[PDB]
Amino acid sequence: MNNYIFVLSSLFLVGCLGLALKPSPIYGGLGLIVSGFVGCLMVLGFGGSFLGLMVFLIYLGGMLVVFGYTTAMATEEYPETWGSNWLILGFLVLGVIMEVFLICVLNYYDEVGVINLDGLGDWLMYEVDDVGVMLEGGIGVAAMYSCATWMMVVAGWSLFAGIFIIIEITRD
Amino acid sequence: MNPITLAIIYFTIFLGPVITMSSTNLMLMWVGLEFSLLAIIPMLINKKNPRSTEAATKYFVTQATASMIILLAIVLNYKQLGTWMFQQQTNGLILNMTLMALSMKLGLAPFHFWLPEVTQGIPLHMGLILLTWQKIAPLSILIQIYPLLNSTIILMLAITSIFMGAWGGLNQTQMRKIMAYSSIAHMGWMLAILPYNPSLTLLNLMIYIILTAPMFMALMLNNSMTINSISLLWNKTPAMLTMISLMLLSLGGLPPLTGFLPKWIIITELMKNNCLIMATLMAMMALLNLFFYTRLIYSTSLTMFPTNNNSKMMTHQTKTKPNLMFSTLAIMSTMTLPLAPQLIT
Amino acid sequence: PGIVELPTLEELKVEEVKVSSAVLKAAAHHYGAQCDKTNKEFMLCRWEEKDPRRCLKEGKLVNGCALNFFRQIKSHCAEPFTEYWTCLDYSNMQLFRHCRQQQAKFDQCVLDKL
Amino acid sequence: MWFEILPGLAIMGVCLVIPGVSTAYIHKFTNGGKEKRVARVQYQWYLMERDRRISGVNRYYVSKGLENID
Amino acid sequence: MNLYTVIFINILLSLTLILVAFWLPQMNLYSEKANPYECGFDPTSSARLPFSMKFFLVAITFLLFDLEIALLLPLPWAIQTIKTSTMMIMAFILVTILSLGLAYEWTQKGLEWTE
Amino acid sequence: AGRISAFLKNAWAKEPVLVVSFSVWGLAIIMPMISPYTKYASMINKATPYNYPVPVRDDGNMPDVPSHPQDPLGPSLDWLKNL
Amino acid sequence: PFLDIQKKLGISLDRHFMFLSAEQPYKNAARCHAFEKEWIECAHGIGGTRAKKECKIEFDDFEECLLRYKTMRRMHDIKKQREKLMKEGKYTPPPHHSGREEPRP
Amino acid sequence: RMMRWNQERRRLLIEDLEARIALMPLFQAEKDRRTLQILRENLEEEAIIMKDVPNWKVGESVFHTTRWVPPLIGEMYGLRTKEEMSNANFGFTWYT
Amino acid sequence: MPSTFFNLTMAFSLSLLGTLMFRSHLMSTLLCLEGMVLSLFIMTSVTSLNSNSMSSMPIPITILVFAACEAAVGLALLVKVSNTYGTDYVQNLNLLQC
Amino acid sequence: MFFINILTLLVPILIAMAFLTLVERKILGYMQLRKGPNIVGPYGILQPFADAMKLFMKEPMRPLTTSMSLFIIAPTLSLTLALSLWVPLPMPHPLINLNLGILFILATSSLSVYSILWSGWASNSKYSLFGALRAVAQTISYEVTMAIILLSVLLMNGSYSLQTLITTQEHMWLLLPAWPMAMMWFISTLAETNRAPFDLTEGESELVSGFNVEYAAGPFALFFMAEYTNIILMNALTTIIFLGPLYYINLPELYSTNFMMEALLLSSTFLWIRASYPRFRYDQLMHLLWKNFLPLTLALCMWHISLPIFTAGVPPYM
Ligand SMILES: CCCCCCCCCCCCCCCCCC(=O)OC[C@H](COP(=O)([O-])OCC[N+](C)(C)C)OC(=O)CCCCCCCCCCCCCCCCC
Ligand SMILES: CCCCCCCCCCCCCCCCCC(=O)OC[C@H](COP(=O)(O)OCCN)OC(=O)CCCCCCCCCCCCCCCCC
């Protein structure tokens, strides 16, 4: 229960490795969905649930549209997965081996640098308000409605101008 | 484009760099960069040809990658220092990543490979909007963090920018590619003077903008995209040859044109900071830039290339295209050297 | 740098209130009304002197006032308060609105007495 | 007729009342005659942990009243 | 811990069901058994070919609208603010801008499907 | 105008969803500007005590703040109790 | 910023959440609020170069609070020495560090 | 009906928060006393463990300032059991 | 937290490496961009939750909003590329060299 | 004891799903002037067990063109997400008490859509591809509209928890203040659960079987269980949100009984609707949810932003 966050971070690294290795975009979207779920779990473990659930929902919608698009136009007769190419699968297992080697090197040589296996699970939650109401992560995002109205208006104008932009690009 | 979407797109194009320059927060500067990129893509792809589609795609992926590296630098600084500004003690790796990503957004060598290609295939007014307006916000971000940057990496980027711009402008015949390599060389000069005196960076930027604007307007008069196309300008608009020659010589940095002033004062400041080798190499590559400008002048003004038969009908027709702001910018970019102490601060 | 100076277990020893949260919430309003001055002194010293080691005397005074308050309740109003905190303890949130008859009887007892 | 549906409806009704009733009874049984405490905020979680420390049996639901006060 | 336990129990239950479904019945598979289904005839072409999408603009609009939803979702905590006038004005502006974008796309026939 | 009313009736007959949407939008815009309870929402949110009221050090110079919570001085919530 | 339109107009579009010790919702103090406040109070009015030279103590305290590098090193050294003493067997944990203690509220 | 019931709910929430406010000084005193006790026994254990380590100051702070720095969860539960550490880290998050 | 942040930084580095090392699929390049975005979001969110910076908690949502606008424009450009060529091949997007 | 609680949640939900299949057969038959199953068992009550046993003793299909990994992964994913969506519902006490319950519901529903999509793509068939693309369009439309609906309802409620919804409806149903968005939420749940007229993914007449046209036996059973568990799930969510059962602190059995009766009524309404109406065309579903529901949903969202402000009925945080 100490290395739970580290296991999640390693799974996120593996998912990003597969996404970098670039299979067919169906499998790329699958890896991105798994990475988004893992990142949601990481934000959940580190603190408020709202940011993790938000990025989860956003990436579910995004990879849904991506799946529709890759079935539309970014497809091939034989879609390429991680196991179809010997070079891609070799790069996958080599990246896993390199990750294990790098975390062992940072455990041994660098001592307490970025990775410490003895200190793992000790520095996840630094300071928490033991007694207290109004502490959850969604309240800051709510404070965007009051404290950062400039942030609110630039986000809203980004979405509005984006609607106009996509209409003009796909106007044809 | 209906006027509603014209107003929305042009207002967001304007608003991007304005937010970037006025923003205290690095995140708001970043979203200003996002505004500029997203708003300028549809006007790039507005003509809906395969070349415009390729140019828009290349520009999008390049600026998106560079903006992601910028966001990485911002998030790493926020992790290290807890604030949203590179104050004084941010990591040199973070600052170098910021510089590298902003140089890829600007389009200076060796990150320059997309800029002649994006400048090609888009209309001339969009090339003007790109090569003048799109560089102000990244330069503002670089200017805000001038004492923190690394002089070695900046000078290397600047010298390779001026070298590659000189060689590319030497090779190309397409006018948009020539202007893009000119942009690369002048961005190299601006980056070279950036860590020592950003006032000279702003001066060189303003001189380059007021020199680039009427050259693009004169190209926009007849849609002359080629050396030959600008070479038969004597039959079409004979009254513009002198101003074309003067503006190209000012771009070359020849005295007594006012375009000699940015190179002169940048060299002076580098000599004050004891970078004589860099200054001399930059000046020689600026001579190469002046060479391809002079070949352009030979093609369009000093000689007279053969004309066509339909140019008689084009002379029968009348035009109202050159606007009121062309001559003001041409004169202010040609004959303003005696006001050099006023142009500098 | 210099070493940190923090008090010992003998200085931190006090008669703690071995009283459950439902019991505390049942006696909450009268504890906030009767032991208000000592509690406000402790909060003032804590929010003026940020160091918690400068307020151990005030914390012990707060514990003593709470102990005296609960001893007075046990002396005079034991059974209505007992059933009141039991009925409060049944609820998962310990909502005051679920138990109002027991609250009324406890309030009547601590109004006619004390 | 239309009342032959009622056996399947009754089986569905029993299978839908079982989870909620059983969950309430299991919460009451595992928390000792009281509902399972909800800690939606850090204050409520701190109350639950304080009760767990106070009880002396490492169970928050064992409440201590005035019998611990002299 | 309890949520993780019940998620793992669901995973184990479904894996057990599919495992017993694959290892319990008798296997007899041949080429015509496992050929793809095209209503009794052979497929003319592979199903991995490009398959045109007539609501792609609506999908991009769905991306933008989903992010508008993400912006609107902290409202139940935003209504607890002291300055309710600023929150109310900002929420009204956001919903009105979203509605104007939808109306503009409806006017420009972006909601209609191509061909 | 008669033509405006005829257009409105035609819209209400044929496309009532948009008419209801625009009417609800207008009512949501104009209703807080005319309701007398609008200030009460902000006052309730201000009166909700999420944070501890940190006591102030009395130098004997401010007479307005109460010495005890059960004092006549201070922001009472009788308006909320009778609301 | 490159342009000071916010300072000229007196508005604060983004200047009020530039750091941890800025305005916070419901007065929830961020971590190292005191350290960052001390660093800004030191560095204000003297410029960046003098702030780097002379407020090094405040910056180092703030950085140590934020990243806790030395705290991690100290705790790792304590735990490594403890496990070495356990391996050579000349040390036993106290009861209150081994799970059985007398809890206090 | 929703307006009236929400106003009643607001009054009940204010009553609950006032009960929390009335109980808060005792909880604060108990919490800082417990934190000081845990830090004290950790300091004593550090004195026992690293008495033979050269150039080691027992209880040396990592801050130049002498004001109070509230200890981290890792500071006050580093030397205790892993189950107690996990309870301090993930207890509220994993209690559903 | 430091091991987690190092792993997130390496995840961003891998996604950037994937973006910089093209294969035939522009959609796969856009997916690598979205992976970079996801790593940035997780880093910002865990930094804000670790430092209790509720004032800076709107920043990850703003990152998601602008990045989704980026992805939307990328999908529109991929639509135009596929209408031009029939595929999303960056090897087909090459005729601007001369 | 927690494992026993898991069992007494999971097993009765599965039996209620199977008897929902039976009761759908009976109700559809009696609405179609016939009887439905009454031979297999006393009154047909052994028919779902017969169907389950037949499907789990029939051999599965592993087509040659089919991606085996995703073909296996999709149905178990669908069943796990159905049970996971069932887990946090309060009746009146949930097995897993969450703060952002409806956000968990939305995430798990979208992941179930992904299970359908991956099944359709893995089963390398053109009808499966049609089912996947129709699922994409359907979930686009209902996702945006249902998200705004739930946002407005919880703005009236005040928090994302569901015990808070019980406390909100302690005195009155939310159907009375929010009945237009209750109707739109009901249609959204129909489209989410892929029930007629918005099924469009297991298209019986348009396609052959759609996304599960290559699935046979066991995995097909898993898909059917996931779908009908989602039917009972979404109707239970609808009656928790809008038709608040009577809740008393001293006895929760009354709440469980009232919840059961209203959930049975809503499920029977689902079967009634399937009997009554013909199927939509899947572009008409998108046009409906984007041209009629969505503008009205935005207007009502603005109205529910304004309403507690000008009525001072801002809901409590807790
Ligand atoms: C859970 C609670 C109960 C929910 C209802 C459950 C029982 C009823 C179920 C019926 C069966 C449904 C099966 C699926 C049907 C699918 C078709 C369908 O519904 O299409 C939607 C139809 C669509 O109509 P249409 O498509 O025929 O219309 C044509 C539209 N054009 C031309 C643009 C294509 O209706 C709606 O969209 C209406 C949605 C509900 C609107 C409610 C408004 C109420 C009034 C608001 C306030 C008005 C006053 C404002 C203030 C004035 C002040 C002066
Ligand atoms: C076939 C493969 C299937 C892969 C996908 C599996 C999907 C599972 C079901 C859908 C999950 C959707 C995402 C849920 C994320 C967590 C939601 C949430 O809000 O959790 C918060 C909750 C407690 O937080 P809160 O509500 O704030 O309460 C604090 C005070 N009580 O609770 C917590 O904090 C607990 C944190 C952990 C919760 C998630 C546990 C997931 C377990 C791993 C599943 C996958 C295992 C790997 C694959 C196995 C082999 C196939």
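Counting starts from 1 on each chain and goes along its sequence as written, which need not follow the entry numbering; residues with no coordinates are hidden. To label them, take the chains in the order written and letter them from A, then take the ligands in the order written and number them from 1. Reported values pertain to the displayed chains only, which are themselves part of a larger assembly. Side-chain figures throughout are based on the complete set of non-hydrogen atoms in the structure, without hydrogens or water. Residues with missing side-chain atoms are left out of burial classes, side-chain pairs and their counts.

- Identification of chain J as NADH-ubiquinone oxidoreductase chain 1 from Mus musculus is taken from the PDB entry.
- Its PDB title, taken directly from the record, is "Closed Complex I from murine liver".
- UniProt positions are given in the numbering used here, feature names are shortened, and annotations may be inferred rather than shown by experiment. Entered under Function in the UniProt record, the comment concerning chain J runs "Core subunit of the mitochondrial membrane respiratory chain NADH dehydrogenase (Complex I) which catalyzes electron transfer from NADH through the respiratory chain, using ubiquinone as an electron acceptor. Essential for the catalytic activity and assembly of complex I."
- What UniProt records for chain J under Subcellular location is the sentence "Mitochondrion inner membrane".

- Naming follows the PDB entry, where chain C appears as NADH dehydrogenase [ubiquinone] 1 alpha subcomplex subunit 8 of Mus musculus.
- The annotation that UniProt attaches to chain C under Subunit is "Complex I is composed of 45 different subunits."

### As for the overall build of chain J
Now for step 1: What counts as a helix is a DSSP run of H or I of at least four residues, what counts as a strand is a run of E of at least two, and both are numbered from the N terminus. When helices and strands are tallied, chain J shows ten helices and zero strands.
Now for step 2: Both definitions apply: the radius of gyration is a C-alpha atom measure, and the globule rule equals 2.2 Å times residues to the power 0.38. Here chain J has a C-alpha radius of gyration of 20 Å; the compact-globule value for 318 residues is 20 Å, and the two agree.
Now for step 3: In terms of principal-axis extent, the alpha carbons of chain J reach across some 65 × 45 × 40 Å.
Now for step 4: Taking all 318 residues of chain J together, the buried fraction comes to 73%.
Now for step 5: Contacts are assigned to residue pairs that have any heavy atoms within 4.5 Å of one another. Here the contacts in chain J between residues at least 6 apart in sequence split such that 78% fall between residues at least 24 apart.
Now for step 6: We get accessible surface area from the Shrake-Rupley algorithm with a probe of 1.4 Å; when it comes to residues, only the shown protein chains can shield them. Carbon and sulfur atoms make up 68% of the accessible area of chain J, which amounts to about 9,300 Å² in all.
Now for step 7: Charge assignment in this entry is limited to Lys and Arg as positive and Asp and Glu as negative, and neither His nor the chain termini are counted. Charged groups are reduced to one reference atom each: NZ for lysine, CZ for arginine, CG for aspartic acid, CD for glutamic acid. Positive and negative charge centroids in chain J, built from 14 and 15 side chains respectively, lie 10 Å apart. Each residue is assigned to one of three classes by its accessible area relative to the maximum for its type, calculated with a 1.4 Å probe on protein chains only: buried under 20%, partly exposed between the two thresholds, exposed over 50%.

### Digging into the pattern of salt bridges
Two side chains carrying opposite charge are able to pair once their charged atoms lie near each other.
Now for step 1: In the sections that follow, a salt bridge refers to a side-chain nitrogen of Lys or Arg positioned within 4 Å of a carboxyl oxygen of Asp or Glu. According to the stated counting rule, one finds 46 salt bridges over all chains in the structure shown.
Now for step 2: A salt bridge links C:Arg97 to J:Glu170, with the shortest nitrogen-to-oxygen separation between them at 2.4 Å. Pair noted here: C:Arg97 is in the loop between α5 (78–90) and α6 (101–112) and J:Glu170 is in the loop between α6 (163–168) and α7 (179–193), and the two residues belong to different chains.
Now for step 3: Using a relative accessible area of 27% as the deciding quantity, one classes J:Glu170 as partly exposed.
Now for step 4: Notably, a salt bridge pairs D:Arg52 with D:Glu49, separated by 2.5 Å at the nearest N-O pair. Linking D:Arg52 with D:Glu49, this pair stays in helix α2 (residues 42–55), spanning three residues, or about one helical turn.

### Examining the nonpolar core
Now for step 1: The biggest cluster of nonpolar side chains holds 476 residues, and the ones touching the most others in it are A:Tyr69, C:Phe70 and J:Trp290.
Now for step 2: Not counting residues within four places of it along the chain, the set of residues in contact with C:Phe70 comprises C:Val17, C:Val19, C:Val23, C:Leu24, C:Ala27, C:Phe81, D:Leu66 and D:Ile69. Nine residue types can take part in a nonpolar core, namely buried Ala, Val, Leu, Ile, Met, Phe, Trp, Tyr and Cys, and a core is a set of them joined through side-chain atoms within 4.5 Å.

### Some details on the site of ligand 2
Now for step 1: Taken together, 22 residues sit near ligand 2, with A:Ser49, H:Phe92, H:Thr93, H:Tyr95 and J:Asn99 positioned nearest.
Now for step 2: Distance and chemistry together define a polar contact, namely a pair of N or O atoms within 3.5 Å, with one atom able to donate a hydrogen and the other to accept it when in protein, and with adjacent residues in sequence counting only for side-chain atoms on both sides. One nitrogen or oxygen atom from the side chain of A:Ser49 is found 3.2 Å from an oxygen atom belonging to ligand 2.
Now for step 3: Measuring from an oxygen atom of ligand 2, one finds a backbone N or O atom of H:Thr93 at 3.5 Å.
Now for step 4: Protein chains shield 80% of the accessible area of ligand 2, which is 1,100 Å² for the free molecule.
Now for step 5: At the level of secondary structure, the elements contributing two or more residues to the shell around ligand 2 comprise α2 (25–46) and α3 (49–72) of chain A, α1 (2–23) of chain E, α3 (82–94) of chain H together with α3 (68–86) and α4 (101–122) of chain J.
Now for step 6: When residues of the shell around ligand 2 are assigned to their parent elements, the largest contribution, four residues, is made by α1(E).
Now for step 7: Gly is placed with the polar residues, together with every amino acid not listed as nonpolar (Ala, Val, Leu, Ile, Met, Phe, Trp, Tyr, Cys and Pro) or charged (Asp, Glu, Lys and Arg). Each residue belonging to the shell around ligand 2 can be placed in one class, and the counts come to 16 nonpolar, six polar and no charged. Any residue with a non-hydrogen atom lying within 4 Å of a molecule or strand is treated as near it.

### Side note on the UniProt feature "disulfide bond" in chain C
Residue and element names in this part refer to chain C.
Now for step 1: Throughout, disulfides are identified as pairs of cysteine sulfur atoms within 2.5 Å of each other. Of the disulfides listed in UniProt, the one joining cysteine 77 and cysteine 109 is not reproduced in the coordinates: its sulfurs are separated by 3.6 Å, not less than 2.5 Å.
Now for step 2: Position of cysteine 77 among the secondary structure elements: in the loop between α4 (56–76) and α5.
Now for step 3: Secondary-structure assignment places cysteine 109 in helix α6.

### Some thoughts on the site of ligand 1
Now for step 1: Near ligand 1 there are 16 residues, and of these F:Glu15, J:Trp179, J:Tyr277, J:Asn292 and J:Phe293 occur at the shortest range.
Now for step 2: More than one chain reaches ligand 1: its neighbouring residues belong to chains F and J.
Now for step 3: About the coverage of ligand 1: the protein hides 55% of its 1,400 Å² of free accessible area.
Now for step 4: Listed by contribution, the elements that provide at least two residues to the shell around ligand 1 are α7 and α10 (282–311) of chain J.
Now for step 5: When residues in the shell around ligand 1 are grouped by element, the largest group, five residues, is from α7(J).
Now for step 6: Among the residues forming the shell around ligand 1, the class breakdown is 13 nonpolar, two polar and one charged.

### Section: the interface of chain E and chain J
Now for step 1: Each side of the interface is counted separately: chain E has 66 residues, and chain J has 74 residues.
Now for step 2: For the side of chain E that touches chain J, the secondary-structure elements that each account for two or more residues are α1, α2 (31–34), α3 (56–72), α4 (75–78) and α5 (84–107) of chain E.
Now for step 3: A total of 16 residues in the side of chain E that touches chain J trace back to one element, the largest contributor, which is α1(E).
Now for step 4: Counted by class, the side of chain E that touches chain J contains 46 nonpolar, 16 polar and four charged residues.

### Notes on the arrangement of the chains
Now for step 1: Among the 31 pairs of chains in contact, the pair with the most contacts is chains E and J.
Now for step 2: One finds no contact linking chain B with chain F; the least C-alpha distance across the pair is 22 Å.
Now for step 3: Left apart from each other, chain D and chain F have a closest C-alpha approach of 11 Å.

### A closer look at the state of the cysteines
Residues and elements named next belong to chain G.
Now for step 1: Considering all chains together, one arrives at three disulfides over all chains under this definition.
Now for step 2: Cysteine 32 shares a disulfide with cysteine 65; S-S distance 2.0 Å. The sign of the S-S torsion, about -90°, decides the handedness of the disulfide formed by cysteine 32 and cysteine 65: left-handed. Here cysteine 65 lies in helix α4 (residues 56–67) and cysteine 32 lies in the loop between α1 (5–9) and α2 (33–43), a separation of 33 residues in the sequence. Neither residue differs from the other here; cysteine 32 and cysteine 65 are each classed as buried.

### Observations concerning the packing of helix α3 (residues 50–81) of chain B against α4(G)
Now for step 1: Inter-axis angles, ranging from 0 to 180 degrees, are taken between N-to-C directions of lines fitted to C-alpha atoms, where helices are fitted over the stretch in contact. α4(G) packs onto α3(B) with a crossing angle of 105° between their chain directions and a minimal axis gap of 8 Å. Taken together, the axes of α3(B) and α4(G) are roughly perpendicular relative to one another. On the side of α3(B), the interface is formed by B:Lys79, B:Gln80 and B:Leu81, while α4(G) contributes G:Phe59, G:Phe62, G:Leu66 and G:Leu67.
Now for step 2: By residue class, the composition of the contact of α3(B) with α4(G) is five nonpolar, one polar and one charged. Orientation labels follow simple angle bins: below 35 degrees gives roughly parallel, above 145 gives roughly antiparallel, 65 to 115 gives roughly perpendicular, and whatever is left gives oblique.

### Points about unusual backbone geometry
Now for step 1: Between B:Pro255 and B:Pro256 the backbone carries a cis peptide bond, its omega angle lying at 5°.
Now for step 2: Looking at the element boundaries, B:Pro256 is found in the loop between α13 (241–251) and α14 (260–272).
Now for step 3: Cis geometry marks the peptide bond from J:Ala196 to J:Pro197; its omega dihedral reads 10°.
Now for step 4: Locating J:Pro197 in the fold gives a position in the loop between α7 and α8 (218–241).
Now for step 5: In this structure, A:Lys22 is a non-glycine residue whose phi angle is positive, near 60°.

### Some words on the packing of aromatic side chains
Now for step 1: In this analysis, rings of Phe, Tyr and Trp, with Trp reduced to its six-membered ring, are considered paired at centre separations within 6.5 Å, and the interplanar angle assigns stacked below 30 degrees, edge-to-face beyond 60, and tilted for intermediate values. Evaluated as defined, the whole model comprises 57 aromatic pairs over all chains.
Now for step 2: Site record: aromatic cluster; members linked through ring pairs are C:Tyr31, C:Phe69, C:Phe70, C:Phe81, C:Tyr84 and C:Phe106.
Now for step 3: In this scheme, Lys NZ or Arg CZ marks a charge over a ring once it lies within 6 Å of the ring centre and within 35 degrees of the ring normal. The side chain of B:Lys263 reaches across the aromatic face of B:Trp189, ending 5.8 Å from its centre.

### Here we look at helix α7 (residues 136–144) of chain B
Now for step 1: Burial within α7(B) is extensive, with nine of its nine residues counted as buried.
Now for step 2: Residues of α7(B) that are buried make contact with α1 (3–22), α2 (26–44), α4 (92–106), α6 (124–133), α9 (175–193) and α10 (198–222) of chain B.

### So, α2(G)
Now for step 1: The set of residues buried in α2(G) consists of G:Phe35, G:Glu36 and G:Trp39. Taken around the axis of α2(G), the buried residues stretch over an arc of 95°, which confines them to a single face.
Now for step 2: Buried positions along α2(G) lie against α3 of chain B together with α4 of chain G.
Now for step 3: Directly after α2(G), the chain includes G:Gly45, whose backbone phi takes a positive value near 85°. For this quantity, the arc is that covered by the directions from the helix axis to the C-beta atoms.

### What about the interface of chain C and chain H?
Now for step 1: Facing 34 residues of chain C, the contacting portion of chain H comprises 29 residues.
Now for step 2: Around 3,000 Å² of area is buried between chain C and chain H when both sides are counted, 69% of it from carbon and sulfur atoms.
Now for step 3: For H:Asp16, the salt bridge identified is with C:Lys25, shortest N-O distance 3.6 Å.
Now for step 4: At the junction of chain C and chain H, the tally comes to seven residue pairs in polar contact.
Now for step 5: Breaking the side of chain C that touches chain H down by element, the ones donating at least two residues are α1 (21–26), α2 (28–34), α3 (36–48) and α4 of chain C.
Now for step 6: Per-class residue counts for the side of chain C that touches chain H are 18 nonpolar, eight polar and eight charged. Summed over both partners, the accessible area (1.4 Å probe) lost when two parts come together is defined as the buried area.

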